[PDB]
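The primary structure of each chain is shown beneath.
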Amino acid sequence: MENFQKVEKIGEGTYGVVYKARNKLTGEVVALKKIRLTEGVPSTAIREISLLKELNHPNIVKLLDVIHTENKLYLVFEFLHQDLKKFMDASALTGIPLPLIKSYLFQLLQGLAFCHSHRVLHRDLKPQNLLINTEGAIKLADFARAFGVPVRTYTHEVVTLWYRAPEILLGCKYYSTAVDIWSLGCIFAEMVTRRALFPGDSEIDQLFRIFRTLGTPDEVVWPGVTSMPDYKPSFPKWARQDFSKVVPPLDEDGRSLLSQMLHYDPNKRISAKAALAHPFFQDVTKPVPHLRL
Ligand SMILES: C=CCNc1nc(N)c(C(=O)c2ccccn2)s1
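How each quantity is defined
- Entry numbering is not used for residues: they are numbered from 1 along each chain in the order the sequence is written, which may differ from it, and residues without coordinates are omitted.
- Excluding hydrogens and water, the side-chain figures rest on all heavy atoms present in the structure.
- Here, nonpolar core means buried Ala, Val, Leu, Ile, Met, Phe, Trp, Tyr and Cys residues that are tied together by side-chain atoms lying within 4.5 Å of each other.
- Think of it in three bands: with a 1.4 Å probe and only protein chains considered, a residue is buried below 20% of the maximum accessible area for its type, exposed above 50%, and partly exposed in between.
- By definition, any uninterrupted DSSP run of H or I lasting at least four residues is a helix, any uninterrupted run of E lasting at least two residues is a strand, and each is numbered from the N terminus.
- Here a residue-residue contact requires only that any non-hydrogen atoms of the pair lie within 4.5 Å.

What the entry reports as its method is X-ray crystallography, with 2.00 Å given for the resolution.

Right, dumping it as structure tokens:
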């Protein structure tokens, strides 16, 4: 921008490019996100987004400023050291130690529990927007409601469907906090196996990968599923696979927690608050990760 000196280009979110920037003024380093706007600017968005600035929690990346100047939209966020995606890729040979995987999940659930208790949903959780620092903390960033859902980035980028909840893929028009628990369950499994749980390359491939693993849902396990917008009676009928084949070598408390995070029925899916009381977290600690910056 003007009051900023773009150091580098962190990458690209679902709304626009993200830059690492130094505030010439204060000199403090931030993550600056340019939002893509050809047609009128949203009135509700800026107001709703501005409300997000009042969302403080150790596991939520602080939104420092919403700048609407020169009829452009910038979001200024506190800058974190690395994202979980790069960290997992960096830990692919050894894998993230269980104590650290457990600490990250525990913290992310606290972050979600806080956002959800405030009626704020993320809707697009993914390793790329989970950020960690040298002190072992992990925070949720790059939150969807305020500015609808873009079919593509401002410049043709392949949105990842790997973490999308089944009700969304089945065309549910209303989201619930349950969609965030599902995405986190998928990320949790991924840290454990060092491989994406459901790496779909299309909406239907995404849906069928979930079905082939958890079994094609029906009215018994998911009341109302057959009446969902994109449900087709012609969906193949896959049987549920043994869960011990899904996330080995995760212990039973972990598998029990994960299965509850991956329940088909949003209403049966465990909440973030309830998950925090799960016995899996009985021996939770806060290890410090080895970060290569
Ligand atoms: C990747 C580490 C650089 N530091 C960052 N610090 C942040 N606060 C970042 C983000 O909020 C973000 C969100 C979505 C996509 C890309 N970046 S990125």
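Time to look at the nonpolar core. Counting residues in hydrophobic clusters, the biggest one holds 65 residues, and the most contacted among them are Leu 84, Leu 105, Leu 109, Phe 188, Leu 257 and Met 261. The element that contributes the greatest number of residues to this core is helix α5 (residues 178–193), accounting for 10 residues. Setting aside residues up to four positions removed in sequence, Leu 105 forms contacts with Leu 184, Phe 188, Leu 257, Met 261, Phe 280 and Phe 281.

Of the consecutive residues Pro 248 and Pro 249, the connecting peptide bond is found in the cis state with omega at 0 degrees. Along the chain, the position of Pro 249 falls in the loop between α6 (203–214) and α7 (252–261). Despite not being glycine, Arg 119 has its phi angle at roughly 60 degrees, a positive value. Within the secondary structure, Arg 119 sits in the loop between α3 (98–117) and β7 (130–132). Using a relative accessible area of 65% as the deciding quantity, one classes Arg 119 as exposed. Not every positive phi belongs to a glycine, and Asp 142 is a case in point at roughly 55 degrees. Checked against the element boundaries, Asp 142 lands in the loop between β8 (138–140) and α4 (166–169). Residue classification places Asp 142 among the buried positions, given a relative accessible area of 15%.

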